[PDB]
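Note sheet for the following structure.
Coordinate-derived values only; no laboratory data. A quick note on method: Cβ atoms are made from the backbone with ideal geometry, for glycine too, and the neighbour counts reach across all protein chains shown.
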Amino acid sequence: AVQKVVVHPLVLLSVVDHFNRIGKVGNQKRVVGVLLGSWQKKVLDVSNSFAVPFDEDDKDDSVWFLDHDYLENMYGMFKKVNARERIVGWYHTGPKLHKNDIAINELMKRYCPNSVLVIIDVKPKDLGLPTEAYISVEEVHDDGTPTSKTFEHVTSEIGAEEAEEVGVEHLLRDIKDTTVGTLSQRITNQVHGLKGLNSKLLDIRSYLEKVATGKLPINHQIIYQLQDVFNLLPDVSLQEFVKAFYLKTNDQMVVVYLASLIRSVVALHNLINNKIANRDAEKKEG
Amino acid sequence: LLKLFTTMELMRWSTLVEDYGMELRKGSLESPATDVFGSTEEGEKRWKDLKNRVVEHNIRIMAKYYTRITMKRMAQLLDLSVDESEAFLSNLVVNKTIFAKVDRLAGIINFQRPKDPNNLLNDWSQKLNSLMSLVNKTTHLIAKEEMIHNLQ
Amino acid sequence: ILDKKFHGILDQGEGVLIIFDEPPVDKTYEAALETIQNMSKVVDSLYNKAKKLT
Amino acid sequence: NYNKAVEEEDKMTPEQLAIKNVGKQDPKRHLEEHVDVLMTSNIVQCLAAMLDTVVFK
C-alpha cells in the first residue's frame with residue numbers, strides 16, 4: 001500500500017522544536033504529533049507537519065489523549081493555505097515502540113484510512129536513517145489468530161528537494177565536499193564491516209535467543225528463507241571459487257591496465273613542467 | 001494438445017502415436033482428424049508437420065535448457081538417434097535463430113553458448129542483490145527482533 | 001580464410017571452427033598513439049634542457 | 001575518452017615551447033583533470049575490484 005517515503009528534514013526539525021517545547025515541562029513519556037503528507041504515487045512525501053498535546057499514564061496503556069478538534073482546526077488552516085498537503089500519519093520521539101501505538105494508529109486511521117508513524121531520535125548516535133515507516137495490515141497468521149493486527153515495516157529514507165539545503169549546508173559549514181580520493185571509502189569500510197556484522201552478530205544473538213528462549217513466534221517462515229537468499233553463498237572452507245579466481249583476475253585486468261598505462265602517462269605529466277620550471281627557477285633565480 | 005504446450009518438459013513420439021492415432025479410428029467428429037491426419041496427400045504432410053512439432057517440442061525446451069550434457073545422451077533424450085539428430089536438427093538449425101553447441105572430438109559435445117562475456121552481471125547480481133539484501137537484513141531483522149522483544 | 005577473412009580461424013577438432021573476437025581494445029591503442037608523440041615531445045624538450053644549463 | 005581526447009591537446013603545446021623567456025605568450029597548465037580525475041577514478045575502481053575480497057571473505 002506504501003511503496004516508500006520521500007521525507008524532507010524540515011518536518012524533522014518541526015519535530016525538534018516541539019521536543020524543545022516539551023523538554024522544559026513535566027515530560028511523562030514522549031511526543032505524539034500529527035504527520036501531514038503529500039501522497040501522490042504509492043511512494044510518499046511529507047512537506048510539513050505540526051504537533052498535538054499528549055499524556056499517558058501506564059496502568060493499562062489506554063489512557064492517552066489527543067485533541068481532534070484542534071487537530072482538524074489546524075488541518076483546515078494548513079489545508080486552506082496549502083491545498084497540496086493532507087494528513088498521512090503521526091510520529092513519536094521514543095525510539096522503541098510500545099503496545100499503545102496500535103491504539104494510536106487505528107484511532108487516527110479514521111480520517112484517512114492509512115496513518116504511517118515516524119520513529120525518530122532526538123539524541124541519535126548509533127542508528128542509520130531516523131525515518132521509519134510501518135503499516136498496519138494482516139497476514140493473519142499461520143495459526144490464523146483473531147485479528148493479529150501487525151505493524152509492517154515499510155522501507156524508508158530521507159527525501160530530497162531542490163534548494164531546501166540553502167539553510168542547511170550554509171549552517172553546518174564543516175562539510176568536506178567531494179572526498180573521493182581520500183578516506184571516505186575506509187570510513188564506509190569500518191562502518192559497514194563492523195556496524196553491519198554487529199547487526200549480524202546481534203542477529204545471531206537473537207539466534208541465541210531462539211536457543212535459550214524464543215518459543216514465541218520462533219518464525220520458521222521468513223527467517224531461514226531470506227537467510228537462504230543469503231545462503232546463495234555457503235562460504236565454507238576450501239573457499240569453493242576455483243571458478244572465480246580467473247574472474248577476479250578479469251576484475252584486476254582492466255583496472256591494472258589503466259593503472260600501468262595512465263600512471264606512466266602521469267609521471268610523463270609531472271616530469272616535463274617539473275624539470276623545465278625547476279631549472280628555470282634554479283638557474284634563473286640569480 | 002495443451003499439455004504438449006505448457007512447459008512441455010519432453011515428449012515421446014510413440015505416446016503421441018497412441019493418443020492421436022486412436023482418434024483417427026475413434027469417431028465423434030472424424031472429418032477434421034481425417035483432414036489433418038487421416039488424409040495422405042496433405043494429411044501425411046501434416047504428419048510431417050507433426051514431426052516438425054515433436055522435434056521443435058524437443059528443440060524449444062532444449063534451447064531453454066541443457067547446459068553441459070553429452071550427445072548420445074542427447075539423442076536418446078531426443079527420442080531420436082544421432083543420424084536422426086543430424087537430420088532432425090539440421091532442419092531446425094536452418095531456423096537459424098537458436099544458438100546451440102555441439103562438438104565431436106570422439107562423440108562428445110558441450111554447452112554454455114555465449115562463451116560468457118561476463119564479469120559485469122556477476123558483480124551486478126551477486127554484489128548489488130546481496131548487499132541490498134544485507135542492508136535490508138538490518139531494517140527488518142532488527143525490526144522483528146525488536147518485535148519479539150516487544151512481545152517479551 | 002587465407003586471402004579473405006571473417007575471423008574464421010581453423011580448428012580441426014571443434015566443429016564450429018570458432019569465430020570469436022574482441023574489436024574494441026582502443027583503450028590501449030590511443031594511449032600507445034599518445035606515448036609515440038609524447039616521447040617526441042620529451043625529445044623536443046631535451047634541446048631546451050641540454051641548452052639552458054651549459 | 002574524457003582523458004585521452006583532452007590529453008592530445010594537453011601535449012600539443014611543447015611544440016610551441018621555446019626560449020627568449022617573455023618573447024612567447026601562451027602559458028597554460030595541462031595536467032588538470034588527468035592527475036586527479038584519473039586518481040579518483042582508478043583508485044575507487046580498484047577498490048571496486050577489492051569489493052569482492054572485502055565482502056566475500
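Which members of the range B:61-106 meet the condition of being in a loop (DSSP other than H, G, I, E, B) and acidic (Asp, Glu)? Before the answer, list the steps.
Residues of the range B:61-106 in a loop (DSSP other than H, G, I, E, B): B:65-71, B:79-81, B:94-106.
Residues satisfying the conditions are B:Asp79, B:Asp103.
Okay, residues lined up against (1) assigned to a helix (DSSP H, G or I); (2) exposed (fewer than 11 other Cβ atoms within 10 Å of the Cβ); (3) among the aromatic types (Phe, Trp, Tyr):
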residue: A:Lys215; (1), (2), (3): no, yes, no
residue: A:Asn219; (1), (2), (3): no, no, no
residue: A:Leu232; (1), (2), (3): no, no, no
residue: A:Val236; (1), (2), (3): no, yes, no
residue: A:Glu240; (1), (2), (3): no, no, no
residue: A:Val265; (1), (2), (3): yes, no, no
residue: A:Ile276; (1), (2), (3): yes, no, no
residue: A:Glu285; (1), (2), (3): no, yes, no
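Output the residues belonging to the range D:10-44 that are closer than 20 Å to C:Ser45 by Cβ, touching a residue at least 12 places away in the same chain (Cβ under 8 Å) and more than 10 Å from chain C (Cβ to nearest Cβ).
Initial filter on the range D:10-44 (closer than 20 Å to C:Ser45 by Cβ): D:10-32, D:34-35.
Those still in the list that are touching a residue at least 12 places away in the same chain (Cβ under 8 Å) too: D:10-11, D:13, D:26, D:28, D:30-31, D:34.
Selection gives D:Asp26, D:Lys28, D:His30, D:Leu31, D:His34.
Scanning the range C:1-51 for residues that are part of a loop (DSSP other than H, G, I, E, B) and acidic (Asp, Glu), which turns out nearest to B:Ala106 (Cα to Cα)?
C:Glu14
So which of A:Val118, A:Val137, A:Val88 is touching a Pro at 6+ places or on another chain (Cβ under 9 Å) and in contact (Cβ under 8 Å) with a residue 40 or more places away in the chain?
Working: A:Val137 fails: touching a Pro at 6+ places or on another chain (Cβ under 9 Å); A:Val88 fails: touching a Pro at 6+ places or on another chain (Cβ under 9 Å).
It is A:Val118.
Between residues in the range B:124-139 that are in contact (Cβ under 8 Å) with a residue 12 or more places away in the chain and residues that are exposed (fewer than 12 other Cβ atoms within 10 Å of the Cβ) and aromatic (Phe, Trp, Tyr), which pairs lie under 7 Å by C-beta distance while being six or more apart or on different chains?
Taking only residues 6 or more apart or on different chains, not a single pair turns up.
Take the residues of the range A:148-183 that are under 30 Å from B:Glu145 (Cβ atoms) and outside any loop (DSSP other than H, G, I, E, B): which is farthest from the chain's Cα centre (by Cα)?
Selected residue: A:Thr150.
Hey, can you tell me all the residues within the range B:102-138 that are among the charged types (D, E, K, R), surrounded by 13 or more Cβ atoms within 10 Å (Cβ to Cβ) and within 21 Å of A:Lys243 (Cα to Cα)? Before the answer, list the steps.
So the first thing to find is which residues in the range B:102-138 are among the charged types (D, E, K, R), and the list is B:103-104, B:113, B:115-116, B:123, B:127, B:137.
Next, only the ones that are surrounded by 13 or more Cβ atoms within 10 Å (Cβ to Cβ) stay: B:103, B:123, B:127, B:137.
Of everything in the range B:102-138, those that are among the charged types (D, E, K, R), surrounded by 13 or more Cβ atoms within 10 Å (Cβ to Cβ) and within 21 Å of A:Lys243 (Cα to Cα) turn out to be B:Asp123, B:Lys127.
Restricting the search to the range B:74-112, which residues are within 16 Å of the chain's Cα centre (by Cα) and closer than 17 Å to C:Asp11 by Cβ?
B:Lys101 - this is the single residue of the range B:74-112 that is within 16 Å of the chain's Cα centre (by Cα) and closer than 17 Å to C:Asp11 by Cβ.
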